[PDB]
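Quick one: the structure is below, questions incoming.
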Amino acid sequence: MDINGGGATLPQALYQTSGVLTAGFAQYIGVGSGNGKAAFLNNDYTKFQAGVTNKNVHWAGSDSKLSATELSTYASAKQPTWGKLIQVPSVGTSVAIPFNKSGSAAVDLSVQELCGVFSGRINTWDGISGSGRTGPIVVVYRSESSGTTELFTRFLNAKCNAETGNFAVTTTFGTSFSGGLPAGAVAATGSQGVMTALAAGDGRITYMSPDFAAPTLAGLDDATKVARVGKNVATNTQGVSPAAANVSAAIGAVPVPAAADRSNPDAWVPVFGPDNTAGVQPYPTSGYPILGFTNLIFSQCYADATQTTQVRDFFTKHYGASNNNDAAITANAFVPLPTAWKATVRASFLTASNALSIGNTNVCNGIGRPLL
Ligand SMILES: O=P([O-])([O-])O
């Protein structure tokens with residue numbers, strides 16, 4: 001039986017790049033982070049392929065963290081027979097703001113203008129300073145439980161203090177803002193489904209994976225199509241683009257998971273959040289401001305020996321010092337993890353003597369996610 005994974009659409013083109021997933025891995029299935037988490041946690045392959053029940057789920061991609069309830073339920077129901085789950089960052093990512101509104105002038109949103117567009121306070125292109133554009137704004141958002149939504153609403157939660165209401169951190173944008181969606185907002189499903197909808201009417205704007213936000217990497221720098229973020233007119237300061245190079249310094253400054261906490265999967269996924277708040281990283285003051293991590297969710301243990309080996313071999317590649325996936329990571333508009341981050345992941349999840357290591361012959365002795 002092949003190893004089956006799926007989930008988050010934000011990075012699905014990375015996991016679909018030839019050679020990124022190693023031997024024994026079936027091609028990755030992009031369904032959204034909420035579906036990916038449910039697939040793994042319940043061993044429910046129908047969350048990957050509706051109507052198909054003759055396969056097991058071995059791993060998920062997610063840009064939404066496992067919640068307290070998700071973690072505790074798995075620990076009590078599954079961990080005794082299947083082993084601990086593993087949650088680890090895969091790559092860093094910006095969150096881009098593509099839009100469909102023609103004109104040669106650059107669209108460069110201040111953070112407060114971004115807040116106002118997504119709250120519905122600013123609902124005309126006239127209301128974005130220096131835009132060269134007029135007429136109505138329609139916001140497009142993700143209908144389903146989305147990790148892109150979680151990454152984006154972390155930023156709005158941290159920055160948007162001057163609305164007639166508050167943005168909550170969530171996977172469902174339709175409930176994020178306490179004052180409701182903007183009038184006329186359009187729901188769509190998946191990263192690609194949102195990009196399709198962006199084009200189905202004039203004057204639309206959204207939040208998006210930096211891969212799907214432009215057909216080519218250079219397109220992220222085209223401010224006629226992908227907004228700059230960070231304008232401040234009063235200081236004569238321009239915003240910048242969501243190109244990976246504009247978030248890579250900040251991703252590199254994120255500390256490794258705290259040693260004494262490494263048995264807690266929540267400790268492994270860094271999140272950005274409000275200033276001067278322990279436990280979250282502040283959004284960066286330089287470069288492009290909207291960023292975070294997309295993650296992997298695996299089991300420590302698999303009943304089958306070959307599958308255990310194949311999962312280890314994937315980690316050996318994805319977190320390797322050499323012969324790794326970093327070139328493919330960059331090609332899909334993402335940020336590779338620092339060399340010290342990779343070493344920390346390997347020390348816990350690969351190195352055999354570690355209590356957390358995949359296939360550990362003592363900890364996994366007799367246990368693991370089932371073959372049949
Ligand atoms: O699809 P997502 O990645 O979850 O947003």
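We count residues from 1, following the sequence as given. Remember, it's 1-based here, ligands and their atoms both numbered in the order they're listed.
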Discussion item. Below the 3.5 angstrom mark, is there an N/O of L10, backbone or side chain, next to an N/O of ligand 1?
Written reply: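 Yes; the residue has a nitrogen or oxygen that sits under 3.5 Å from a nitrogen or oxygen of the ligand.
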Item to complete: Just grab all the side chain to side chain donor-acceptor pair (under 3.5 Å) pairs involving residues 289-299, residues at least two apart or on different chains.
Response: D63-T294
Practice prompt. State, yes or no, whether a side-chain contact exists between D313 and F25 at a heavy-atom distance under 4.5 Å.
Written response: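 The answer is no; the side chains never approach within 4.5 Å.
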Fill in: Pairs where residues 62-98 contributes a residue and the test ring pair (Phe, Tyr, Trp, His ring centres under 6.0 Å) is met, not counting sequence neighbours
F40-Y74
Worksheet item: Does the N or O separation between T149 and ligand 1 drop below 3.5 Å for any pair?
Response: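 There is no such contact.
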Worksheet entry | Sub-4.0 Å atoms of ligand 1 with respect to non-hydrogen atoms of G32 | 1 (O), 4 (O)
Discussion item. So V229 and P242, do their side chains get closer than 4.5 Å, heavy atoms only?
Written reply: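 They are not in contact (no side-chain heavy atoms under 4.5 Å apart), so the answer is no.
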Worksheet entry | Heteroatom distance test (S33, ligand 1): nitrogen or oxygen, under 3.5 angstrom |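 Yes, since at least one N or O of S33 sits under 3.5 Å from an N or O of ligand 1.
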Response to the item:
One finds that the ligand 1 atoms under 4.0 Å from a non-hydrogen atom of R142 are 1 (O), 2 (P), 5 (O)
Fill in: N/O separation below 3.5 Å, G7 to ligand 1
no
Discussion item. Tell me the contacting part of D63 for ligand 1: side chain, backbone, both, or neither, using a 4.0 Å heavy-atom threshold, strictly below.
Written reply: side chain
Practice prompt. Have a look at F298 and tell me which of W268, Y319, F315, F349 forms a ring pair (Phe, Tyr, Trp, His ring centres under 6.0 Å) with it.
Written response: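 Going through the options one by one, the only one that passes is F315.
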Worksheet item: According to a 4.5 Å side-chain heavy-atom criterion applied to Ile, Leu, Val, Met, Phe, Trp and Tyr, with indirect links allowed, do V139 and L151 form part of one hydrophobic cluster?
Response: yes
